[PDB]
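Structure, as structure tokens:
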Amino acid sequence: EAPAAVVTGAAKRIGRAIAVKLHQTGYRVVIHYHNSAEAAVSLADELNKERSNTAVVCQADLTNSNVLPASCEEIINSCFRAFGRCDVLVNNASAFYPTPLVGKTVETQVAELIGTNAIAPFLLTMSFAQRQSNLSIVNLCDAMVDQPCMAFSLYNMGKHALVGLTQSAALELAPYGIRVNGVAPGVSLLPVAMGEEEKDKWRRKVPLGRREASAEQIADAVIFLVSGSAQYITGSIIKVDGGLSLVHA
Amino acid sequence: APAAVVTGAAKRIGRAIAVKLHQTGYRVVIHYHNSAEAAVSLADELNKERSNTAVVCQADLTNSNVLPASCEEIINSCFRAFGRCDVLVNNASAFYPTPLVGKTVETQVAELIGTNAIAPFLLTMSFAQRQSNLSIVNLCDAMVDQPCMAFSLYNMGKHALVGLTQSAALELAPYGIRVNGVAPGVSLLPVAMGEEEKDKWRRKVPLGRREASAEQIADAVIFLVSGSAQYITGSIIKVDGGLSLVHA
Amino acid sequence: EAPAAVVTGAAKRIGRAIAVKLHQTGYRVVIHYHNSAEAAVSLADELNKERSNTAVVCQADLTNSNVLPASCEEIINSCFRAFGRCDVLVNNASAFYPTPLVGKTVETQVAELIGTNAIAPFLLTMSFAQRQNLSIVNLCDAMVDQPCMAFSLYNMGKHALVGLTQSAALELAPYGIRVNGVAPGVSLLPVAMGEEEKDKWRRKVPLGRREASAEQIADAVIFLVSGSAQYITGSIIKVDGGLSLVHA
Amino acid sequence: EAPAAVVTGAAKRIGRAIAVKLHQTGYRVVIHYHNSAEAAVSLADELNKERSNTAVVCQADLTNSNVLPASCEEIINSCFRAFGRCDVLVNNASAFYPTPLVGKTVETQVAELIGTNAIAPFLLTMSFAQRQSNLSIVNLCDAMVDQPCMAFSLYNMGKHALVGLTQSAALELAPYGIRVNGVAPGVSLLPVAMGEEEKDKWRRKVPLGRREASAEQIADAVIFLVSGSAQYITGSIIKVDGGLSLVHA
Ligand SMILES: NC(=O)c1ccc[n+]([C@@H]2O[C@H](COP(=O)([O-])OP(=O)(O)OC[C@H]3O[C@@H](n4cnc5c(N)ncnc54)[C@H](OP(=O)(O)O)[C@@H]3O)[C@@H](O)[C@H]2O)c1
Ligand SMILES: NC(=O)c1ccc[n+]([C@@H]2O[C@H](COP(=O)([O-])OP(=O)(O)OC[C@H]3O[C@@H](n4cnc5c(N)ncnc54)[C@H](OP(=O)(O)O)[C@@H]3O)[C@@H](O)[C@H]2O)c1
Ligand SMILES: NC(=O)c1ccc[n+]([C@@H]2O[C@H](COP(=O)([O-])OP(=O)(O)OC[C@H]3O[C@@H](n4cnc5c(N)ncnc54)[C@H](OP(=O)(O)O)[C@@H]3O)[C@@H](O)[C@H]2O)c1
Ligand SMILES: NC(=O)c1ccc[n+]([C@@H]2O[C@H](COP(=O)([O-])OP(=O)(O)OC[C@H]3O[C@@H](n4cnc5c(N)ncnc54)[C@H](OP(=O)(O)O)[C@@H]3O)[C@@H](O)[C@H]2O)c1
Ligand SMILES: Nc1nc2ccccc2n1Cc1ccc(Cl)c(Cl)c1
Ligand SMILES: Nc1nc2ccccc2n1Cc1ccc(Cl)c(Cl)c1
Ligand SMILES: Nc1nc2ccccc2n1Cc1ccc(Cl)c(Cl)c1
Ligand SMILES: Nc1nc2ccccc2n1Cc1ccc(Cl)c(Cl)c1
Ligand SMILES: Nc1nc2ccccc2n1Cc1ccc(Cl)c(Cl)c1
């Protein structure tokens with residue numbers, strides 16, 4: 001029987017690449033999405049065309065709220081409902097925007113930025129564990145988490161919190177044989193709204209090839225961590241950044 | 001005289017920080033949540049030394065719809081009492097386990113992430129907005145990358161606080177506001193902890209096989225806010241007697 | 001045409017497993033050794049039985065000395081003489097023994113421990129680059145920041161190796177040479193160590209209460225040299241079953 | 001009786017400022033130097049004029065060689081010979097120059113860069129401990145050690161090794177009450193001879209004030225670490241870098 005994976009924020013970009021690569025490796029996949037319904041359904045259709053009944057979509061807002069635990073429990077439930085098992089969880093979904101220190105309320109910003117990047121991964125981890133082979137969790141971290149961008153304090157706090165979860169959960173879930181690791185991009189796919197000139201500004205900072213990571217390159221590290229080739233690895237965060245984090249001012 | 005806000009200052013480490021700042025010549029806002037009696041008792045002692053140099057301020061620092069207003073009011077209380085706010089010490093902290101496998105989990109999120117991360121963020125915002133030797137000191141955790149079993153939310157909150165310390169150091173540098181951390185390993189043990197368990201944890205510390213006193217933690221805070229640290233920002237000083245260096 | 005790799009200290013244990021997995025992946029290999037001639041030759045014979053003319057041995061002391069640069073240049077040269085190319089360098093050879101702060105002279109200990117763990121990797125890196133999916137993998141130490149009592153020189157060597165890995169990643173990126181590390185926690189324990197002592201160390205590992213096999217360490221090396229890691233440079237992957245996360 | 005301190009490379013720049021501040025705090029000082037004889041003697045004169053018999057010079061090359069242990073032992077011996085005690089050791093002396101990967105031989109570069117930055121501090125630590133209150137050692141580290149500069153691999157390796165020594169010696173010497181800490185500058189006052197354009201280039205990178213640290217600001221952190229206000233601090237490395245290490249590419 002084929003193993004099954006949940007990938008959050010899987011409709012496009014890095015999340016899609018991860019879902020595709022897992023699917024190509026033989027996983028059945030839950031494609032979680034928030035707003036990108038057309039893209040999610042389009043991906044599920046492609047994957048099911050390749051192998052029937054091996055992909056489903058699952059909609060959920062991962063903003064923090066008093067119902068977030070129920071929503072996270074339901075994402076895990078959706079994997080068991082579809083495939084009867086859940087072997088891998090990839091925490092990929094992420095809100096990302098600036099929150100300067102000097103029309104959303106600050107509390108909405110906290111709920112969205114900390115909810116998606118940290119609290120939802122935490123609750124999904126709880127639900128994944130509670131429900132339980134080669135079991136693992138992979139968290140999409142940030143290679144630049146200790147060289148923060150100006151005006152992004154809440155996002156940065158969320159990604160730092162995610163490092164803490166990765167390490168705490170690796171230790172706490174080790175007795176159950178659930179490995180917990182991270183993949184940390186530096187610069188990969190740039191924002192859709194970013195102009196080419198600005199994209200090039202950021203690309204030129206990367207020592208290895210002066211280019212951003214392809215979505216496939218990020219997915220490659222995820223696939224490694226979930227594989228039997230990483231069976232002794234837990235609590236590790238692999239930078240996939242072309243050396244970007246090593247570059248001084 | 002300069003003025004400082006210390007959160008969770010009624011007892012233990014926060015109290016020692018408030019006392020040392022006061023002894024150094026600061027006027028102090030003693031923030032508290034439940035420890036009203038102790039907060040006022042401290043204010044009384046400091047005011048006995050120098051009249052009208054200490055005030056108290058009550059606030060719950062749990063995350064909620066009203067937290068930003070609460071944090072704005074803490075900073076405001078310093079300006080009201082003293083006409084200035086030079087130093088913010090984020091010391092208040094909720095601390096208890098949250099296993100992965102009668103508070104709901106979301107209440108625990110609100111308390112643990114609120115006190116340790118969101119409130120420091122909002123207080124930092126309010127401190128900066130209102131603005132010499134200005135600085136913020138965040139009480140971090142030397143053991144943040146060697147987590148205790150079953151403490152994921154607390155750990156996530158302290159990791160978030162590292163992110164805030166570094167982010168705010170960079171963002172507030174143009175305003176001349178330094179942002180640093182002090183990271184205890186083991187200092188004052190929980191009051192509910194048995195003496196036998198206290199000894200177990202004490203014996204792990206290479207330097208002297210004992211916990212830090214509150215005063216020793218306060219000493220590093222005093223250094224960071226002082227003129228002797230005026231080029232230091234974004235630094236987190238471990239005050240842990242080597243604890244973080246000890247392998248399993 | 002098949003790529004070629006140099007693996008230092010490849011006769012036994014982790015180096016041997018790396019050389020075997022590289023060969024299984026399709027590499028021709030230079031098996032470097034110091035004292036273990038018989039084991040190096042038996043490995044070469046094994047690999048050559050699998051595929052003719054795909055393995056050679058190279059003897060060298062990697063202790064620091066005035067002849068070390070020539071020795072390291074000769075190791076890289078041996079790969080070119082055998083195979084016409086050198087795609088991968090694995091810095092695995094390592095002296096390991098305590099050097100307390102309080103019959104070898106201390107300068108000999110410096111030469112051996114710092115030579116094998118840091119200076120030889122540096123010189124081999126120079127020679128590798130000078131001759132140029134190219135990459136270098138350095139065998140680091142997941143416990144490098146939780147040092148063992150009385151192992152300061154070894155620890156210094158491995159800390160220097162982190163610096164090399166990062167410096168070389170940046171400096172060699174323009175040539176498309178990636179430079180990464182694999183960091184074991186506890187792997188292959190010495191056969192002669194008492195099982196009662198082995199078990200003491202095993203019990204410390206969260207994941208499985210067991211040391212890593214040499215093959216498990218080798219698996220991370222294989223990933224790092226593969227097409228699946230072509231954007232990864234300057235990264236050090238812990239393969240430690242969570243050991244480095246465990247507090248005192 | 002006044003305590004005594006050894007400061008290596010104390011004739012100029014940061015080491016000089018450390019020596020001056022220790023002396024002002026009440027320490028008797030061994031001013032070690034290599035080439036800067038006139039400056040070392042002039043400093044000793046300045047300090048002795050303030051308080052007679054409280055400063056001596058000690059010349060030594062700290063390049064690695066088979067006699068380096070003897071030279072390091074002799075530096076510590078010189079403190080006991082002058083002052084009858086040795087309470088503080090500051091490892092400040094350091095060779096610094098590029099060593100590209102692609103007139104000195106490479107083994108000479110290894111000897112100088114690794115010797116001064118790592119092996120001499122190790123040997124001095126050994127001798128300091130062996131010859132033994134508020135005892136401590138302070139190592140001058142590099143705030144940028146994990147964001148290396150192009151072509152400085154040996155300097156970087158030396159400073160990385162120094163981090164290892166700081167942590168290793170903190171644990172190993174804890175039972176003897178000797179604390180071992182670090183101070184990590186980013187950029188400190190640049191040579192007046194460096195070009196105006198290049199000085200501006202490096203100064204402008206510093207978030208806090210867009211300027212380098214003074215030598216005195218670096219010394220201030222050393223003074224704190226050796227003081228009674230740091231009695232529980234061991235194995236800590238305090239960055240004094242104006243935020244430099246936090247700045248991304
Ligand atoms: N791209 C990079 O250069 C880079 C760098 C460092 C780290 N990372 C990390 O790598 C991961 C993938 O990066 P990416 O650029 O592909 O991500 P992304 O496009 O910015 O976001 C991924 C998905 O997150 C989902 N999401 C946003 N808010 C949500 C909410 N409130 N509830 C539920 N889902 C929500 C969105 O789903 P819908 O579209 O369905 O609404 C979105 O498609 C992220 O965790 C990111 O932080 C990326
Ligand atoms: N003690 C250690 O060994 C150690 C180790 C590592 C880090 N630290 C950190 O160092 C700091 C001081 O430690 P400590 O042991 O003195 O702290 P603590 O006693 O655990 O907590 C300090 C104060 O935080 C306040 N607090 C708790 N929940 C709050 C809430 N919801 N809203 C507002 N305030 C709240 C409390 O104020 P009231 O009493 O007025 O209710 C409490 O007295 C903390 O940030 C801690 O995380 C301590
Ligand atoms: N095993 C672990 O749990 C562990 C943990 C952390 C890090 N590591 C690192 O991982 C790597 C592999 O570990 P391991 O246990 O397999 O290593 P190892 O057995 O200690 O050493 C591997 C080889 O290094 C060679 N070597 C020693 N001194 C040399 C010298 N002066 N000149 C040239 N070669 C010399 C020896 O070759 P000959 O036999 O031919 O003389 C030896 O077989 C090492 O770099 C080690 O430091 C291992
Ligand atoms: N300045 C910065 O921005 C910065 C940044 C990061 C780290 N650091 C570190 O902080 C410390 C102080 O910085 P600095 O700029 O004042 O240092 P520096 O001027 O580069 O070096 C200090 C002294 O080291 C001595 N030295 C050099 N080679 C020696 C050898 N072979 N044997 C014995 N002594 C030798 C020299 O003494 P003589 O003059 O007597 O020959 C020199 O004056 C150094 O360890 C440095 O690496 C400084
Ligand atoms: N990795 C990362 N974290 C970020 C947080 C806020 C804004 C951008 C962020 N990035 C992408 C990034 C950061 C720094 C640099 Cl120099 C580059 Cl080229 C890309
Ligand atoms: N510093 C610290 N962070 C903690 C998080 C959860 C529970 C306890 C925590 N401590 C105190 C602590 C942690 C590990 C050890 Cl070995 C010791 Cl003596 C004290
Ligand atoms: N990884 C590692 N580095 C060491 C340096 C000196 C002696 C042993 C070393 N090890 C193996 C090790 C270190 C700490 C622990 Cl708790 C375990 Cl189980 C294994
Ligand atoms: N020793 C030395 N040579 C220098 C040349 C140009 C600028 C500064 C010089 N220094 C002092 C020094 C030594 C090490 C570092 Cl890392 C730094 Cl920023 C400065
Ligand atoms: N701190 C430091 N380490 C260095 C090593 C080699 C050359 C210069 C070094 N510096 C000074 C430095 C490094 C990076 C930046 Cl962006 C700056 Cl303004 C200064």
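If you're wondering about the labels, chains in the structure tokens are A, B, ... by order shown, residues count from 1 in each chain, ligands from 1 in order shown.
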message: If the limit is 10 Å from any atom of ligand 7, counting only C-alpha atoms and all ligand atoms, which residues qualify? Return them as a count of residues only.
response: 47
message: Counting only C-alpha atoms, a student should be able to say which residues of chain B come within 6 Å of chain A; what is the right answer, written as an NGL selection string?
response: :B and (100-101 or 106 or 125 or 129 or 147 or 149 or 152 or 155-156 or 159-160 or 163-164 or 167 or 171)
- request: Write out as a PyMOL selection string all residues of region 118-185 of chain D that DSSP puts in helix (DSSP H, G or I) for this structure's backbone.
  value: chain D and resi 118-130+153-176
- request: Could you give me the residues within 7 Å of ligand 1, counting only C-alpha atoms and all ligand atoms, as a VMD selection string?
  value: chain A and resid 8 to 15 33 to 37 60 to 63 92 to 96 112 116 to 117 140 to 143 184 to 191
Go ahead and write the residues just picked, C-alpha atoms, as a tab-separated table (two decimals), in the first residue's frame.
chain	number	residue	atom	x	y	z
A	8	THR	CA	-0.11	22.60	3.34
A	9	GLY	CA	-0.37	25.49	0.89
A	10	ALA	CA	0.17	23.01	-1.93
A	11	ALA	CA	-1.75	24.64	-4.80
A	12	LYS	CA	1.24	26.42	-6.30
A	13	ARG	CA	4.91	27.35	-6.12
A	14	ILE	CA	7.03	25.39	-3.59
A	15	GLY	CA	4.07	23.55	-2.00
A	33	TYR	CA	-5.08	25.23	0.04
A	34	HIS	CA	-6.71	28.40	1.36
A	35	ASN	CA	-7.77	30.70	-1.51
A	36	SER	CA	-6.25	29.05	-4.59
A	37	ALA	CA	-9.09	26.63	-5.31
A	60	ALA	CA	-8.63	25.52	5.31
A	61	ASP	CA	-7.69	28.90	6.70
A	62	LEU	CA	-4.66	28.47	8.97
A	63	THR	CA	-4.96	31.91	10.63
A	92	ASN	CA	4.56	24.76	3.87
A	93	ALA	CA	1.67	27.27	4.01
A	94	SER	CA	2.75	30.76	5.03
A	95	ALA	CA	1.41	34.28	5.32
A	96	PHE	CA	4.10	36.80	4.40
A	112	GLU	CA	-2.18	35.40	10.29
A	116	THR	CA	0.27	30.17	9.59
A	117	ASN	CA	4.01	30.03	10.25
A	140	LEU	CA	9.54	25.01	5.63
A	141	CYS	CA	11.87	27.28	7.57
A	142	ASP	CA	13.91	30.32	6.50
A	143	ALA	CA	17.67	30.22	5.89
A	184	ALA	CA	15.25	26.36	4.82
A	185	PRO	CA	15.19	28.27	1.52
A	186	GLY	CA	17.12	31.53	1.19
A	187	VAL	CA	15.67	32.90	-1.97
A	188	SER	CA	13.56	30.67	-4.18
A	189	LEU	CA	10.49	31.64	-6.25
A	190	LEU	CA	10.11	35.39	-5.86
A	191	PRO	CA	6.73	37.03	-5.13
message: Using Å and a single decimal, report how far CA of residue 238 (chain D) sits from CA of residue 17 (chain B).
response: 20.0 Å
